[PDB]
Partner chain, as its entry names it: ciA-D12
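A single chain comes next, written as structure tokens; it is the form deposited without the partner chain.
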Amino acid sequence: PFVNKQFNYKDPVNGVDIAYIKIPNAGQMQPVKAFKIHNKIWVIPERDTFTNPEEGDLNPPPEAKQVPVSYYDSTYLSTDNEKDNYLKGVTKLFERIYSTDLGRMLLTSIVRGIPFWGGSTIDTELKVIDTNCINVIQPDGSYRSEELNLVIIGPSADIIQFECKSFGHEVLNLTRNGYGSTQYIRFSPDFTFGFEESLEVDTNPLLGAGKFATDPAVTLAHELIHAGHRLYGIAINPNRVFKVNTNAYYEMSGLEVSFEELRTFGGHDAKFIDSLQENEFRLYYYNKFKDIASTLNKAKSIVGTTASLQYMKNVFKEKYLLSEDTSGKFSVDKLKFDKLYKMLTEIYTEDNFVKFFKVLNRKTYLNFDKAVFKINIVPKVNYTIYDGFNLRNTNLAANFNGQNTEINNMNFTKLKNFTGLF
């Protein structure tokens, strides 16, 4: 299993994989109880009022001031039972993802994607960037710095606004300069979204109530794909967007969708990024990897005593799949770069995960959400690592009957309809 411990939220802290921690939000905060479910990966069963100090209010603004696709509930994830269920739900989803060859590949890439040690101001020394760490309270009450790659945390005010968040740098654009940074994914396994089986209905903002439910493992995988891009510092600048001209409803509102999202979904959506611009990005990141190779060559000493210089050099030699010559100099091989870049951007896509999970899912990112449902994937009678909602040897096994909210209505509670609100 990906997670070797079936944690309970109430398990006593041990200062190792169950501990109170603080994140580098450049601000103050009370320690929060977190769980390390795998090497380099932690889960914080709390609403995210930490990564952004300006987003500490969970209370919903006045009803006359709320947008379209959003859902508020300041009480969600405030009790121990909810946190226990959150932890178990997120864990089950990691196992579902890991059970597929593609998920195993993606998770392996994420674990190997340690954020680059580029915090030193002296190019002859390698130093870790402290915002890619968390401070863990040890048994003696002292804090120890631990590097990590991924943190799954509860959503902020808008419960359904799932997304990757990471701490930036004063000058370096960590998610776009090949370096990478610790990723905090705002996510919840307790809600899911409804979509429509007919393409003409799903991509229309005036039709459909959301008959089918998105499998939450796909939603998490989508975020993990973004995390992968960001951990390897190859995320596409959000200012690079596709001025949608394939959907009259998007067009009439001048809606734009970032290339990063189209790339992440994959399938035909990825084709909206023309060859010229795609080549531009590839060359850009190829160069970024070259800088990392050179920075490693200029490194003559390492800061800290946790790991040795040769160890960290090998860590990044493996992450970026660099080549080493006779003198021990590092360099980027075009074939290996192209292979890794392609793996992270074309192999790991939402569309491909749908093929592995054998579930029904939106056919394109360019659609309109229909509704949000409350769910509970923790009980095996509701959802399993192997079949998600479509339980084998039951009436829900075929035709995605488990995702059919009308047939499997006992597993879904519609909280809000979005159709017509655009």
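Positions refer to the first chain, counted from 1.
This next part talks about the form deposited with the partner chain bound, which is not shown.
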Joint contact, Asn4, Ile407 and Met410 to the partner chain in the bound PDB entry, by non-hydrogen atom at 4.5 Å: yes
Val378, heavy atom within 4.5 angstroms of the partner chain in the bound PDB entry: yes
The partner chain contact at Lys288 in the bound PDB entry, heavy atom, 4.5 Å: no
4.5 Å heavy atom contact, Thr91 and the partner chain in the bound PDB entry: yes
Any non-hydrogen atom of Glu95 within 4.5 angstroms of the partner chain in the bound PDB entry: yes
Listed residue that, although the partner chain is not shown, lies within 4.5 Å of it in the bound PDB entry (heavy atoms), from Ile385, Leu58, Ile44, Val359: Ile385
